[PDB]
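Engineer: Below is the file structure_14.tsv, which contains TSV, C-alpha atoms.
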chain	number	residue	atom	x	y	z
A	1	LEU	CA	0.00	0.00	0.00
A	2	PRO	CA	1.19	3.56	-0.60
A	3	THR	CA	1.75	6.14	2.09
A	4	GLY	CA	-1.19	7.80	3.81
A	5	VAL	CA	-3.39	4.70	3.60
A	6	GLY	CA	-5.31	2.95	6.37
A	7	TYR	CA	-7.92	0.27	6.66
A	8	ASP	CA	-10.39	-1.44	8.95
A	9	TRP	CA	-11.70	-4.84	9.99
A	10	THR	CA	-15.33	-4.68	11.00
A	11	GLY	CA	-18.56	-6.60	11.21
A	12	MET	CA	-18.07	-9.53	13.47
A	13	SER	CA	-14.49	-8.65	12.62
A	14	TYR	CA	-15.28	-5.59	14.65
A	15	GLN	CA	-16.13	-7.88	17.56
A	16	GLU	CA	-13.02	-10.00	17.19
A	17	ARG	CA	-11.18	-6.79	16.28
A	18	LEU	CA	-11.98	-5.71	19.81
A	19	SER	CA	-11.32	-9.17	21.24
A	20	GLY	CA	-11.74	-12.65	19.85
A	21	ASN	CA	-11.49	-14.29	23.26
A	22	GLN	CA	-10.84	-12.79	26.65
A	23	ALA	CA	-12.35	-16.12	27.74
A	24	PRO	CA	-9.04	-17.80	28.85
A	25	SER	CA	-8.52	-14.94	31.27
A	26	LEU	CA	-11.89	-15.94	32.65
A	27	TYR	CA	-11.02	-19.63	32.64
A	28	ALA	CA	-7.90	-18.58	34.51
A	29	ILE	CA	-9.66	-16.61	37.21
A	30	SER	CA	-12.41	-19.21	37.09
A	31	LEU	CA	-9.77	-21.76	38.02
A	32	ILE	CA	-8.70	-19.35	40.74
A	33	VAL	CA	-12.15	-18.89	42.22
A	34	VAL	CA	-12.90	-22.60	41.93
A	35	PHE	CA	-9.59	-23.29	43.66
A	36	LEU	CA	-10.26	-21.01	46.59
A	37	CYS	CA	-13.96	-21.76	46.99
A	38	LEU	CA	-13.12	-25.44	47.12
A	39	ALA	CA	-10.36	-24.45	49.53
A	40	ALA	CA	-13.23	-23.30	51.74
A	41	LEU	CA	-15.50	-26.29	51.14
A	42	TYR	CA	-12.68	-28.74	51.66
A	43	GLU	CA	-11.51	-26.16	54.24
A	44	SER	CA	-8.12	-27.69	53.58
A	45	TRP	CA	-4.75	-26.80	52.08
A	46	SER	CA	-4.44	-28.24	48.54
A	47	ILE	CA	-6.77	-31.18	49.23
A	48	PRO	CA	-9.10	-29.47	46.66
A	49	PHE	CA	-6.45	-29.85	43.93
A	50	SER	CA	-7.54	-33.48	43.40
B	1	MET	CA	-19.64	-17.85	65.92
B	2	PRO	CA	-16.48	-15.95	64.85
B	3	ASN	CA	-14.54	-18.91	66.26
B	4	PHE	CA	-16.51	-21.17	63.90
B	5	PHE	CA	-14.63	-19.34	61.17
B	6	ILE	CA	-11.48	-19.42	63.24
B	7	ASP	CA	-12.06	-23.17	62.95
B	8	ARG	CA	-11.94	-22.68	59.17
B	9	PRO	CA	-9.01	-20.23	59.01
B	10	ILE	CA	-8.45	-21.01	55.36
B	11	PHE	CA	-11.97	-19.69	54.80
B	12	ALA	CA	-10.85	-16.31	56.14
B	13	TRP	CA	-7.83	-16.55	53.85
B	14	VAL	CA	-10.26	-17.09	50.98
B	15	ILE	CA	-12.25	-14.01	51.98
B	16	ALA	CA	-9.01	-12.03	51.98
B	17	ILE	CA	-8.17	-13.29	48.50
B	18	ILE	CA	-11.65	-12.41	47.23
B	19	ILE	CA	-10.82	-8.96	48.52
B	20	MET	CA	-7.45	-9.16	46.74
B	21	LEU	CA	-8.84	-9.89	43.32
B	22	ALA	CA	-12.08	-8.02	43.56
B	23	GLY	CA	-9.83	-5.13	44.50
B	24	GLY	CA	-7.25	-6.05	41.88
B	25	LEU	CA	-10.05	-6.19	39.32
B	26	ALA	CA	-11.16	-2.81	40.62
B	27	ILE	CA	-7.79	-1.11	40.33
B	28	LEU	CA	-7.35	-2.65	36.93
B	29	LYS	CA	-10.93	-1.58	36.18
B	30	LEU	CA	-11.43	1.83	37.75
B	31	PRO	CA	-10.89	4.89	35.54
B	32	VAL	CA	-8.59	7.70	36.57
B	33	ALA	CA	-9.29	11.42	36.97
B	34	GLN	CA	-7.95	13.47	39.86
B	35	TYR	CA	-11.05	15.59	40.52
B	36	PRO	CA	-14.34	13.73	40.84
B	37	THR	CA	-16.37	16.20	38.88
B	38	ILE	CA	-17.34	18.89	41.31
B	39	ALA	CA	-18.63	21.95	39.48
B	40	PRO	CA	-22.34	22.31	38.77
B	41	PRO	CA	-23.48	21.78	35.19
B	42	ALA	CA	-23.14	24.91	33.13
B	43	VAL	CA	-24.23	24.73	29.52
B	44	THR	CA	-22.52	27.59	27.71
B	45	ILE	CA	-24.52	28.26	24.59
B	46	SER	CA	-22.56	30.80	22.61
B	47	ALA	CA	-22.57	32.24	19.12
B	48	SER	CA	-20.56	34.36	16.71
B	49	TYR	CA	-21.54	36.78	13.96
B	50	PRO	CA	-19.31	39.40	12.33
C	1	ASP	CA	-14.79	-4.62	81.05
C	2	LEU	CA	-13.71	-4.12	84.64
C	3	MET	CA	-17.00	-2.79	86.04
C	4	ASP	CA	-19.12	-5.86	86.77
C	5	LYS	CA	-17.24	-8.64	85.03
C	6	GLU	CA	-14.70	-7.46	87.58
C	7	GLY	CA	-16.89	-6.02	90.31
C	8	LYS	CA	-14.11	-4.20	92.15
C	9	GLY	CA	-13.68	-0.65	93.23
C	10	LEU	CA	-13.28	1.75	90.36
C	11	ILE	CA	-9.71	2.84	90.95
C	12	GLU	CA	-7.75	-0.42	90.91
C	13	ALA	CA	-9.73	-1.75	87.95
C	14	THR	CA	-8.97	1.62	86.38
C	15	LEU	CA	-5.28	1.01	87.09
C	16	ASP	CA	-5.21	-2.45	85.52
C	17	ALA	CA	-7.28	-1.21	82.59
C	18	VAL	CA	-4.94	1.77	82.20
C	19	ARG	CA	-1.79	-0.36	82.29
C	20	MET	CA	-3.29	-2.82	79.81
C	21	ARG	CA	-4.52	0.31	78.08
C	22	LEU	CA	-1.27	2.17	78.75
C	23	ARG	CA	0.95	0.24	76.38
C	24	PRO	CA	-1.57	0.76	73.49
C	25	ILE	CA	-1.44	4.51	73.96
C	26	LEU	CA	2.32	4.63	73.48
C	27	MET	CA	2.44	2.16	70.62
C	28	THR	CA	-0.45	3.80	68.78
C	29	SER	CA	0.99	7.24	69.44
C	30	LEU	CA	4.54	6.68	68.20
C	31	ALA	CA	3.14	4.44	65.47
C	32	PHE	CA	0.91	7.14	64.07
C	33	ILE	CA	3.37	10.00	64.40
C	34	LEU	CA	5.85	7.94	62.44
C	35	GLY	CA	2.88	7.51	60.16
C	36	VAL	CA	2.75	11.26	59.66
C	37	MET	CA	6.46	11.96	59.33
C	38	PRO	CA	6.12	11.96	55.48
C	39	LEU	CA	3.13	14.25	55.73
C	40	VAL	CA	5.14	16.86	57.58
C	41	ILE	CA	8.43	16.55	55.70
C	42	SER	CA	6.58	17.02	52.42
C	43	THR	CA	7.34	19.97	50.14
C	44	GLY	CA	4.93	20.49	47.26
C	45	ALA	CA	2.18	18.13	46.08
C	46	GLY	CA	-0.77	18.91	48.33
C	47	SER	CA	1.79	20.31	50.77
C	48	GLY	CA	-0.76	22.46	52.54
C	49	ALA	CA	-2.93	19.43	53.16
C	50	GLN	CA	-0.37	16.84	54.19
C	51	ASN	CA	1.84	19.36	55.97
C	52	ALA	CA	-0.89	21.40	57.65
C	53	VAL	CA	-3.32	18.57	58.25
C	54	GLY	CA	-0.57	16.09	59.08
C	55	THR	CA	0.66	18.51	61.73
C	56	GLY	CA	-2.96	19.07	62.69
C	57	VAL	CA	-3.59	15.42	63.49
C	58	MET	CA	-0.07	15.22	64.96
C	59	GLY	CA	-1.13	17.90	67.39
C	60	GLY	CA	-4.26	15.82	67.69
C	61	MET	CA	-2.04	13.05	69.00
C	62	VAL	CA	0.12	14.98	71.43
C	63	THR	CA	-2.80	17.10	72.63
C	64	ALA	CA	-4.96	14.01	72.81
C	65	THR	CA	-2.87	10.91	73.53
C	66	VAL	CA	-0.47	12.40	75.99
C	67	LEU	CA	-3.12	14.66	77.34
C	68	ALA	CA	-6.17	12.68	78.26
C	69	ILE	CA	-4.45	9.60	79.58
C	70	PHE	CA	-5.02	11.49	82.80
C	71	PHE	CA	-8.40	12.91	81.90
C	72	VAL	CA	-10.46	9.94	80.72
C	73	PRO	CA	-10.24	7.96	84.01
C	74	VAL	CA	-10.85	10.99	86.16
C	75	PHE	CA	-13.77	12.04	83.99
C	76	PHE	CA	-15.08	8.52	84.49
C	77	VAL	CA	-14.75	8.74	88.24
C	78	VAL	CA	-16.33	12.15	88.43
C	79	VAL	CA	-19.25	10.97	86.29
C	80	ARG	CA	-19.55	7.85	88.40
C	81	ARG	CA	-18.08	8.93	91.72
C	82	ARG	CA	-20.09	12.12	91.57
C	83	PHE	CA	-23.08	10.66	89.70
C	84	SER	CA	-23.45	6.97	90.08
C	85	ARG	CA	-26.45	5.61	91.92
C	86	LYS	CA	-26.65	5.28	95.69
C	87	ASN	CA	-25.99	1.54	95.37
D	1	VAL	CA	3.77	1.51	58.15
D	2	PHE	CA	5.49	-1.85	57.85
D	3	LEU	CA	8.65	-0.69	59.62
D	4	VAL	CA	6.38	0.69	62.33
D	5	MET	CA	4.73	-2.74	62.38
D	6	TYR	CA	7.94	-4.63	62.98
D	7	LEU	CA	9.31	-1.98	65.31
D	8	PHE	CA	7.58	-2.37	68.65
D	9	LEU	CA	7.39	-5.75	70.36
D	10	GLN	CA	10.73	-6.84	68.90
D	11	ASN	CA	9.45	-10.12	67.50
D	12	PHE	CA	10.39	-11.40	64.08
D	13	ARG	CA	7.29	-13.60	64.23
D	14	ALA	CA	4.35	-12.06	66.08
D	15	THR	CA	4.44	-8.44	64.88
D	16	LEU	CA	4.65	-9.78	61.30
D	17	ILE	CA	1.13	-11.27	61.42
D	18	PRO	CA	-1.00	-8.11	60.99
D	19	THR	CA	1.30	-6.55	58.39
D	20	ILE	CA	0.07	-8.58	55.42
D	21	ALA	CA	-3.40	-8.10	56.90
D	22	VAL	CA	-2.93	-4.35	56.36
D	23	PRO	CA	-2.94	-3.66	52.57
D	24	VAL	CA	-5.75	-6.10	51.78
D	25	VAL	CA	-7.99	-3.75	53.76
D	26	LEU	CA	-7.14	-0.72	51.70
D	27	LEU	CA	-7.45	-2.49	48.40
D	28	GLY	CA	-10.85	-3.68	49.54
D	29	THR	CA	-11.53	0.06	49.76
D	30	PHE	CA	-11.47	0.15	45.97
D	31	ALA	CA	-13.90	-2.77	45.92
D	32	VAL	CA	-16.27	-0.70	48.04
D	33	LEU	CA	-16.20	2.12	45.56
D	34	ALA	CA	-16.44	-0.53	42.88
D	35	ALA	CA	-19.92	-0.65	44.38
D	36	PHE	CA	-19.96	3.07	43.61
D	37	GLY	CA	-17.84	3.29	40.46
D	38	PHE	CA	-16.12	6.34	41.91
D	39	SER	CA	-12.97	6.99	39.90
D	40	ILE	CA	-9.58	7.24	41.53
D	41	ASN	CA	-9.10	10.89	42.29
D	42	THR	CA	-6.63	13.18	44.02
D	43	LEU	CA	-9.16	14.43	46.54
D	44	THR	CA	-10.29	10.85	47.14
D	45	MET	CA	-6.74	9.57	47.05
D	46	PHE	CA	-5.71	12.06	49.68
D	47	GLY	CA	-8.73	11.22	51.79
D	48	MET	CA	-7.72	7.61	51.52
D	49	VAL	CA	-4.14	8.22	52.47
D	50	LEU	CA	-5.41	9.93	55.61
D	51	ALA	CA	-7.84	7.06	55.84
D	52	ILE	CA	-5.08	4.49	55.52
D	53	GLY	CA	-3.51	6.22	58.48
D	54	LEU	CA	-6.86	5.57	60.12
D	55	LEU	CA	-7.10	1.89	59.35
D	56	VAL	CA	-3.50	1.16	60.13
D	57	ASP	CA	-3.92	2.48	63.61
D	58	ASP	CA	-7.26	0.69	63.82
D	59	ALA	CA	-5.24	-2.35	62.79
D	60	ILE	CA	-2.78	-1.88	65.60
D	61	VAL	CA	-5.41	-1.24	68.24
D	62	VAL	CA	-7.09	-4.54	67.45
D	63	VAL	CA	-3.91	-6.55	67.08
D	64	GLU	CA	-2.22	-4.97	70.06
D	65	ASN	CA	-5.29	-5.67	72.16
D	66	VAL	CA	-5.23	-9.26	70.90
D	67	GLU	CA	-1.47	-9.58	71.45
D	68	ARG	CA	-1.92	-8.19	74.95
D	69	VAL	CA	-4.82	-10.47	75.92
D	70	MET	CA	-2.94	-13.51	74.72
D	71	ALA	CA	0.23	-12.07	76.24
D	72	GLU	CA	-0.52	-11.43	79.90
D	73	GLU	CA	-1.72	-14.90	80.94
D	74	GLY	CA	-0.08	-17.04	78.24
D	75	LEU	CA	-2.71	-19.75	77.81
D	76	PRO	CA	-3.17	-21.34	74.33
D	77	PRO	CA	-4.64	-18.50	72.36
D	78	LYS	CA	-8.11	-19.96	71.76
D	79	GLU	CA	-9.75	-18.82	74.97
D	80	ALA	CA	-7.59	-15.69	75.04
D	81	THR	CA	-9.07	-14.46	71.80
D	82	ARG	CA	-12.45	-15.80	72.92
D	83	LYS	CA	-12.58	-13.35	75.82
D	84	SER	CA	-10.79	-10.76	73.67
D	85	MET	CA	-13.40	-11.05	70.92
D	86	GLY	CA	-15.98	-10.80	73.65
D	87	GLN	CA	-14.87	-7.38	74.81
D	88	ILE	CA	-14.03	-6.18	71.33
D	89	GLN	CA	-16.96	-7.62	69.59
D	90	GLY	CA	-18.49	-5.03	71.89
D	91	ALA	CA	-15.74	-2.55	71.15
D	92	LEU	CA	-15.61	-3.24	67.42
D	93	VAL	CA	-19.33	-2.63	67.07
D	94	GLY	CA	-18.57	0.35	69.28
D	95	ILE	CA	-15.96	1.97	67.03
D	96	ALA	CA	-17.86	1.11	63.86
D	97	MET	CA	-21.09	2.49	65.29
D	98	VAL	CA	-19.72	5.75	66.65
D	99	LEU	CA	-17.32	6.23	63.78
D	100	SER	CA	-20.11	5.77	61.26
D	101	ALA	CA	-21.88	8.31	63.45
D	102	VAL	CA	-19.04	10.78	63.06
D	103	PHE	CA	-19.09	10.84	59.31
D	104	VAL	CA	-22.71	10.39	58.37
D	105	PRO	CA	-22.74	14.25	58.50
D	106	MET	CA	-20.05	14.10	55.87
D	107	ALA	CA	-22.53	12.00	53.92
D	108	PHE	CA	-25.39	14.42	54.50
D	109	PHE	CA	-23.83	17.64	53.24
D	110	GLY	CA	-25.11	19.91	50.55
D	111	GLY	CA	-23.10	21.84	48.01
D	112	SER	CA	-20.45	20.70	45.57
D	113	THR	CA	-17.71	21.02	48.16
D	114	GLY	CA	-20.14	19.07	50.29
D	115	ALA	CA	-20.12	16.40	47.60
D	116	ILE	CA	-16.36	16.31	47.97
D	117	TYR	CA	-17.10	15.75	51.65
D	118	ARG	CA	-19.31	12.93	50.40
D	119	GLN	CA	-16.26	11.50	48.65
D	120	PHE	CA	-14.18	11.61	51.82
D	121	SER	CA	-17.25	10.29	53.59
D	122	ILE	CA	-17.55	7.16	51.46
D	123	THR	CA	-13.78	6.79	51.66
D	124	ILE	CA	-13.82	6.41	55.40
D	125	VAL	CA	-17.07	4.44	55.14
D	126	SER	CA	-15.01	1.86	53.27
D	127	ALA	CA	-12.04	2.19	55.63
D	128	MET	CA	-14.08	1.99	58.83
D	129	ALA	CA	-16.51	-0.69	57.70
D	130	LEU	CA	-14.28	-3.24	56.06
D	131	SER	CA	-11.52	-2.56	58.59
D	132	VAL	CA	-13.88	-3.52	61.42
D	133	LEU	CA	-15.03	-6.55	59.44
D	134	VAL	CA	-11.55	-7.92	58.75
D	135	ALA	CA	-10.64	-7.22	62.35
D	136	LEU	CA	-13.68	-9.24	63.38
D	137	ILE	CA	-13.03	-12.43	61.39
D	138	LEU	CA	-9.61	-12.46	59.76
D	139	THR	CA	-7.54	-11.03	62.61
D	140	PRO	CA	-8.51	-13.57	65.35
D	141	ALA	CA	-7.88	-16.39	62.91
D	142	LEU	CA	-4.44	-15.10	61.92
D	143	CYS	CA	-3.53	-14.49	65.53
D	144	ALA	CA	-5.15	-17.77	66.55
D	145	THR	CA	-3.30	-20.04	64.13
D	146	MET	CA	0.27	-19.11	63.27
D	147	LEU	CA	1.44	-17.79	66.62
D	148	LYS	CA	3.32	-19.67	69.26
D	149	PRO	CA	1.86	-21.09	72.46
D	150	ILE	CA	3.91	-19.03	74.89
D	151	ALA	CA	4.52	-19.42	78.60
D	152	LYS	CA	1.94	-18.26	81.11
D	153	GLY	CA	2.39	-14.89	82.78
D	154	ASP	CA	5.69	-14.46	80.93
D	155	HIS	CA	7.16	-10.95	81.09
D	156	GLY	CA	10.31	-11.78	79.13
D	157	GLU	CA	12.83	-12.60	81.85
D	158	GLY	CA	15.43	-13.55	79.23
D	159	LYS	CA	14.90	-10.47	77.06
D	160	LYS	CA	17.61	-8.19	78.38
D	161	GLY	CA	19.85	-5.27	77.56
D	162	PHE	CA	18.51	-2.01	76.17
D	163	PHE	CA	15.20	-3.60	75.24
D	164	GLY	CA	13.97	-5.20	78.44
D	165	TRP	CA	15.78	-2.36	80.19
D	166	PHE	CA	13.46	-0.05	78.31
D	167	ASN	CA	10.63	-2.27	79.51
D	168	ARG	CA	11.88	-1.50	82.99
D	169	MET	CA	11.59	2.14	81.97
D	170	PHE	CA	8.09	1.20	80.86
D	171	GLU	CA	7.11	-0.18	84.25
D	172	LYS	CA	8.88	2.79	85.85
D	173	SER	CA	6.60	5.11	83.91
D	174	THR	CA	3.70	2.77	84.67
D	175	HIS	CA	4.02	3.02	88.43
D	176	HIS	CA	4.97	6.68	88.01
D	177	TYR	CA	1.66	6.92	86.19
D	178	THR	CA	-0.08	5.15	89.08
D	179	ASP	CA	1.23	7.92	91.29
D	180	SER	CA	-0.17	10.25	88.64
D	181	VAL	CA	-3.54	8.57	89.17
D	182	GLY	CA	-3.58	9.39	92.86
D	183	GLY	CA	-1.94	12.79	92.78
D	184	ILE	CA	-3.81	13.73	89.63
D	185	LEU	CA	-6.95	12.62	91.32
D	186	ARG	CA	-6.16	15.56	93.58
D	187	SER	CA	-5.55	17.20	90.23
D	188	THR	CA	-8.93	16.12	89.12
D	189	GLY	CA	-9.72	18.78	91.59
D	190	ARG	CA	-7.23	21.29	90.30
D	191	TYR	CA	-7.07	19.81	86.82
D	192	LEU	CA	-10.83	19.74	86.79
D	193	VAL	CA	-10.72	23.51	86.95
D	194	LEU	CA	-7.65	23.48	84.70
D	195	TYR	CA	-9.73	21.42	82.27
D	196	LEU	CA	-12.32	24.19	82.26
D	197	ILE	CA	-9.72	26.83	81.51
D	198	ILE	CA	-8.13	24.85	78.70
D	199	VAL	CA	-11.48	24.07	77.15
D	200	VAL	CA	-12.43	27.74	77.10
Output the structure of this file as structure tokens.

Structural biologist:
Amino acid sequence: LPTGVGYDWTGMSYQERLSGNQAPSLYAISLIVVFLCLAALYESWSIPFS
Amino acid sequence: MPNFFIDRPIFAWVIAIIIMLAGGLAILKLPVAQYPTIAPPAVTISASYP
Amino acid sequence: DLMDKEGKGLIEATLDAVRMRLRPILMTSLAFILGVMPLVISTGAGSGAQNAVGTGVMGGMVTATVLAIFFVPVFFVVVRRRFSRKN
Amino acid sequence: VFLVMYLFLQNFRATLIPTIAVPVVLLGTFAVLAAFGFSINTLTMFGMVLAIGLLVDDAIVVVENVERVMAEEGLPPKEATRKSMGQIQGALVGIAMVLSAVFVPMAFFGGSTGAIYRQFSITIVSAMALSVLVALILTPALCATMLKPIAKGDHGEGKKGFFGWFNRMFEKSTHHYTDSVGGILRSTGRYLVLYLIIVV
């Protein structure tokens, strides 16, 4: 492309252009909150990890 | 009744961590501006004509 | 805590409560004034507020903490020992 | 605040318990205004640095009262913090109740400056409220678990030198202060009237 040229990805490419998946951040902190909530239900250190 | 949750001390740890990541989510979520907008609303309708 | 759980005379329960209270007053006092050292050394950056108000609550400490260590028990015993009940 | 926290009772174990308890409180502050969405702001940030002065010395009144109550009779700390949480479940609902009472006027202002007072108000709402709550539950657990079962009625007969010598200065000023209770009961006479002149 020459100079002074831009472009855009939109549609559902606007949605994925924002973010395709911030989901694995939520699987990460989901694993966190599952880990600690089971650390209350177990009420035990690392016994939940099973 | 507090001692019941002394008996699950890891539960109180979990509460502290919920504070740590609710608060971490907050400080990575909260917008920044030094002056939480104080002045009354003042619409300034203006014009110009030579 | 030392009124009817410990049903003694007011003065000796006051003394135990003010010894057991006495070490908190020192540790809180020095603790907080070292808390407000940065507020008072500050130049610029809200300097009126941390300097003036830091010194203001500092004077709150020294004119409260080492003031009314004497006053709170004797106010208690003039409220009670002038105006308890007859029993 | 942390160097203050290590400083006093000269323990590389005990005084280290409440320290990590400290910042969790203030970051929970943000969570409280996450209930409010109130953006981080220099007025609010200054009100919360004054307020973190307020919850750190709330932190040391609760943990010093706990450390005392477990310290003077030296039983295994269960029943120590049971009685302790008796008197300061009463005192914690005390300080929360009256402290809430001292800055509900800051909530009920008018004016735009008064809305800034509302920002400091909600700041110390957060500080007061969640500070009392973590003192209620988290603090007796942390003190209850990872401390040592110490000897009963122990004053520190082996702790010597400048440190226990300063504790002898401490009891010197303690009994000196007992003499101040008697003689300044006579000066609740003359420091009653001196109290009137200083208050005017």

Engineer: I'd like the interatomic distance between atom CA of residue D:52 and atom CA of residue C:29, to a tenth of an Å.

Structural biologist: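 Spanning atom CA of residue D:52 to atom CA of residue C:29 is a straight-line distance of 15.4 Å.
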
Engineer: As a list in words, could you give me every residue of chain C near chain D (at most 8 Å apart, counting all atoms listed in the file)?

Structural biologist: residues 1, 15, 19, 20, 22, 24, 27, 28, 31, 32, 34, 35, 70, 71 and 74 of chain C

Engineer: Between atom CA of residue C:8 and atom CA of residue D:94, what is the distance, to one decimal in Å?

Structural biologist: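 Straight-line distance from atom CA of residue C:8 to atom CA of residue D:94 works out to 23.7 Å.
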
Engineer: Contacts between chain B and chain A, please, where a residue of chain A counts if it comes within 9 Å (with all atoms listed in the file); show its shortest atom pair and distance in Å to one decimal, rows by chain and ascending number, as JSON lines.

Structural biologist:
{"residue": "A:33", "atom": "CA", "partner": "B:18", "partner_atom": "CA", "distance": 8.2}
{"residue": "A:36", "atom": "CA", "partner": "B:14", "partner_atom": "CA", "distance": 5.9}
{"residue": "A:37", "atom": "CA", "partner": "B:14", "partner_atom": "CA", "distance": 7.2}
{"residue": "A:39", "atom": "CA", "partner": "B:10", "partner_atom": "CA", "distance": 7.0}
{"residue": "A:40", "atom": "CA", "partner": "B:11", "partner_atom": "CA", "distance": 4.9}
{"residue": "A:41", "atom": "CA", "partner": "B:11", "partner_atom": "CA", "distance": 8.3}
{"residue": "A:43", "atom": "CA", "partner": "B:8", "partner_atom": "CA", "distance": 6.0}
{"residue": "A:44", "atom": "CA", "partner": "B:10", "partner_atom": "CA", "distance": 6.9}
{"residue": "A:45", "atom": "CA", "partner": "B:10", "partner_atom": "CA", "distance": 7.6}

Engineer: Atom CA of residue D:138 and atom CA of residue D:29 are how many Å apart?

Structural biologist: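 Interatomic distance here is 16.1 Å.
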
Engineer: Hey, what's within 12 Å of residue B:32 if we count all atoms listed in the file and toss same-chain stuff fewer than 5 positions away? As a list in words, please?

Structural biologist: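 So the residues in contact are residues 26, 27 and 37 of chain B; 37, 38, 39, 40, 41, 42, 44 and 45 of chain D.
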
Engineer: Near chain D, which residues of chain B fall within 7 Å when you count all atoms listed in the file, and what do they look like as a list in words?

Structural biologist: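 Those within range of chain D come out as residues 2, 6, 9, 12, 16, 19, 20, 22, 23, 26, 27, 30, 31, 32, 33, 34, 35, 36, 38 and 39 of chain B.
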
Engineer: Write out as number ranges by chain the residues lying within 9 Å of residue C:73, counting only C-alpha atoms and excluding same-chain residues fewer than 2 positions away.

Structural biologist: C: 11, 14, 18, 68-71, 75-78; D: 181

Engineer: Would you pick out the contacts of residue C:50 at 8 Å or less, using only C-alpha atoms, so that residues sharing its chain but fewer than 5 positions from it are not included, and give the list as a PDB file with C-alpha atoms, keeping the file's coordinate frame?

Structural biologist:
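The resulting out.pdb:
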ATOM      1  CA  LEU C  39       3.130  14.250  55.730  1.00  0.00           C
ATOM      2  CA  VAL C  40       5.140  16.860  57.580  1.00  0.00           C
ATOM      3  CA  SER C  42       6.580  17.020  52.420  1.00  0.00           C
ATOM      4  CA  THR C  55       0.660  18.510  61.730  1.00  0.00           C
TER       5      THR C  55
END

Engineer: Excluding residue D:148 and any residue of its chain fewer than 4 positions from it, enumerate the residues within 9 Å of it, using only C-alpha atoms, and give them as a PDB file with C-alpha atoms, in the frame of the given file.

Structural biologist:
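See result06.pdb below for the written result:
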ATOM      1  CA  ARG D  13       7.290 -13.600  64.230  1.00  0.00           C
ATOM      2  CA  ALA D  14       4.350 -12.060  66.080  1.00  0.00           C
ATOM      3  CA  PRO D  76      -3.170 -21.340  74.330  1.00  0.00           C
ATOM      4  CA  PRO D  77      -4.640 -18.500  72.360  1.00  0.00           C
TER       5      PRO D  77
END

Engineer: Let me make sure I understand: among C:86, C:80, C:60, C:65, which one has the smallest atom-to-atom distance to residue C:21 if we use all atoms listed in the file?

Structural biologist: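 Ranking C:86, C:80, C:60, C:65 by distance to residue C:21, first place goes to C:65.
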
Engineer: With all atoms of stretch 9-13 of chain B from the file as input, state the centre and edge lengths in Å to one decimal of the axis-aligned box that has 6 Å extra on each side, as lines of an AutoDock Vina configuration file.

Structural biologist:
center_x = -9.9
center_y = -18.7
center_z = 56.4
size_x = 16.1
size_y = 16.7
size_z = 17.2
